[PDB]
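Ideal geometry is used to build each Cβ from the backbone, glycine not excepted, and the neighbour counts take in all protein chains shown. The numbers here are math on the coordinates, done by the rules we state, and not lab data.
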Amino acid sequence: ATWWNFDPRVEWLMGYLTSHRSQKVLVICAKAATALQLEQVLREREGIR
Amino acid sequence: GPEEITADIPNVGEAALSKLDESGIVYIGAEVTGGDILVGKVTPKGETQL
Amino acid sequence: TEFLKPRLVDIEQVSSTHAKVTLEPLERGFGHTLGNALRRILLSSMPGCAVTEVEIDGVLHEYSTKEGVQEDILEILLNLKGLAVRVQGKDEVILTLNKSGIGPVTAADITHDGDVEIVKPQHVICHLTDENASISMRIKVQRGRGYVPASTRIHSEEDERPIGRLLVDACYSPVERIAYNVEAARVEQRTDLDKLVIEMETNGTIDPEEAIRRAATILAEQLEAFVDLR
Amino acid sequence: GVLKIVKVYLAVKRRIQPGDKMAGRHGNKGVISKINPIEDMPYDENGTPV
């Protein structure tokens, strides 16, 4: 279910990431499915490798 | 034996494999320039024993 | 040595675009020199704003079609190339468009920010031909001068953009047509003088007084490195 | 002998530059030689260039 479309956390993360393009960031999360879904959101919404 | 179409290509850096989905075929809309990968294929060869 | 100087005299707004600017007195042989110098530097070096990236949801590349929209997306891009905005404070803005229902979608209903002035609010963008259809877009507007295509910008930039940003060619300069004219003036006993009349046709975004002042400024600045040094 | 074949399209957009041919209907070929700023074009008595 499309839980990544109204959270504040995902929005905050994208905002932080896209203004500091010269920092390496280690994001740690809870479990595997959450990690994969975050990766998909970032890749197809802001092009952050 | 048979060929395969897959994303797990031996001896490629992770960079070129961002633009392939699970099945190993490009997205729709991604814009390519000469030299990239379109379809990931591997050809089996001889099996030596060990 | 009877040198004499010009002063900007009369401005007569024929319409919201056309405008005529008078300028006198000029001694003989100076009508043409100034006329052609600033004709050449108004058609190439004025600053203005134009649309440069468009993001429309549910669309991946610029060759598809959409549910219940008359134009296919190439036509929407070629209609957006030519809207005229006026930006007061920033140098880049993001505007938002959002509409639903049968009818033409015009430029009037861009959800205006506080400091963006849209010149003609009756310029058509799309046509919606079904009661359930809706459309929502995010435009970006920048500032610059000259002509800048999309190929140059894509090859210069190293930044990565997602699948769904569409790049548009930019055409920043606001002045469209310009033509001058030299006529004979009347001063008490000097029958030797002249007058210059420049007629100027542009969209909005430039009030003519400011245009002529910017032209004169850059000409004098160019001559400065040409007087003092040798 | 074939199992499955994929098939991928591409789409470019070409435009005018020097060297590129044009011609009228009556048989007068030609090859573009220069792309000239707006100012330099001869302009008639009213402002509109050629």
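Screening C:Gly204, C:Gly164 for residues that are farther than 26 Å from D:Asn36 by Cβ and under 12 Å from the mean Cα position of the chain (by Cα) leaves exactly one candidate, C:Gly204.
Each row is one residue, and each column tells you yes or no for (1) within 14 Å of chain C (Cβ to nearest Cβ); (2) over 14 Å from the mean Cα position of the chain (by Cα).
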position: D:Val6; (1), (2): no, yes
position: D:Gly27; (1), (2): no, yes
position: D:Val31; (1), (2): no, no
position: D:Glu45; (1), (2): yes, yes
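Restricting C:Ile139, C:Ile125 to those that are among the β-branched types (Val, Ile, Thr), within 22 Å of C:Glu67 (Cβ to Cβ), over 18 Å from the mean Cα position of the chain (by Cα) and not in a helix (DSSP H, G or I) reduces the list to C:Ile125. Residues in region A:2-35 that are loosely packed, with under 10 Cβ neighbours inside 10 Å and in a helix (DSSP H, G or I): A:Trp3, A:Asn5, A:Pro8, A:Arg9, A:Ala32, A:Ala33.
Looking across C:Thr205, C:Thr217, C:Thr191, one residue alone is exposed (fewer than 12 other Cβ atoms within 10 Å of the Cβ), β-branched (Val, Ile, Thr) and in a loop (DSSP other than H, G, I, E, B). It is C:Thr191. Tell me, yes or no, whether region C:135-152 has at least one residue that is within 13 Å of another protein chain (Cβ to nearest Cβ) and in contact with a helix residue (DSSP H, G or I) (Cβ under 7 Å, 6 or more places away or on another chain). Scanning region C:135-152 turns up no residue that is within 13 Å of another protein chain (Cβ to nearest Cβ) and in contact with a helix residue (DSSP H, G or I) (Cβ under 7 Å, 6 or more places away or on another chain). Among residues that are in contact (Cβ under 8 Å) with a residue 24 or more places away in the chain, within 30 Å of C:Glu221 (Cα to Cα) and among the polar types (S, T, N, Q), C:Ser100 is not included. Checking each residue in region C:109-148 for being without any contact (Cβ under 8 Å) to a residue 24 or more places away in the chain and not β-branched (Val, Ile, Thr) picks out C:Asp109, C:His112, C:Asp113, C:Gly114, C:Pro121, C:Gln122. Whether any residue in region C:115-129 is within 24 Å of A:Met14 (Cα to Cα) and charged (D, E, K, R) is what I want to check. No, every residue in region C:115-129 fails to be within 24 Å of A:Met14 (Cα to Cα) and charged (D, E, K, R). Taking the conditions exactly as written (under 19 Å from C:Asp57 (Cα atoms), of a type in the set (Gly, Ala, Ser), exposed (fewer than 15 other Cβ atoms within 10 Å of the Cβ) and away from chain D (no Cβ under 14 Å)), does C:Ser156 satisfy them or not? For C:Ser156, the condition - under 19 Å from C:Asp57 (Cα atoms), of a type in the set (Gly, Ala, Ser), exposed (fewer than 15 other Cβ atoms within 10 Å of the Cβ) and away from chain D (no Cβ under 14 Å) - is not met. Of the residues making up region C:165-173, none is away from chain D (no Cβ under 14 Å), among the hydroxyl-bearing types (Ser, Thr, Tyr) and part of a loop (DSSP other than H, G, I, E, B). Residues of region C:30-82 that are over 26 Å from the mean Cα position of the chain (by Cα), in a loop (DSSP other than H, G, I, E, B) and at negative phi: C:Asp57, C:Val59, C:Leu60, C:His61, C:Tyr63, C:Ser64, C:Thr65, C:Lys66, C:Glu67, C:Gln70, C:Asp72.
Conditions tested, residue by residue: (1) within 14 Å of chain C (Cβ to nearest Cβ); (2) surrounded by fewer than 10 Cβ atoms within 10 Å (Cβ to Cβ); (3) charged (D, E, K, R).
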{"residue": "B:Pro2", "(1), (2), (3)": "no, yes, no"}
{"residue": "B:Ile9", "(1), (2), (3)": "no, no, no"}
{"residue": "B:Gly13", "(1), (2), (3)": "no, yes, no"}
{"residue": "B:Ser18", "(1), (2), (3)": "yes, no, no"}
{"residue": "B:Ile25", "(1), (2), (3)": "no, no, no"}
{"residue": "B:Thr33", "(1), (2), (3)": "yes, yes, no"}
{"residue": "B:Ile37", "(1), (2), (3)": "no, no, no"}
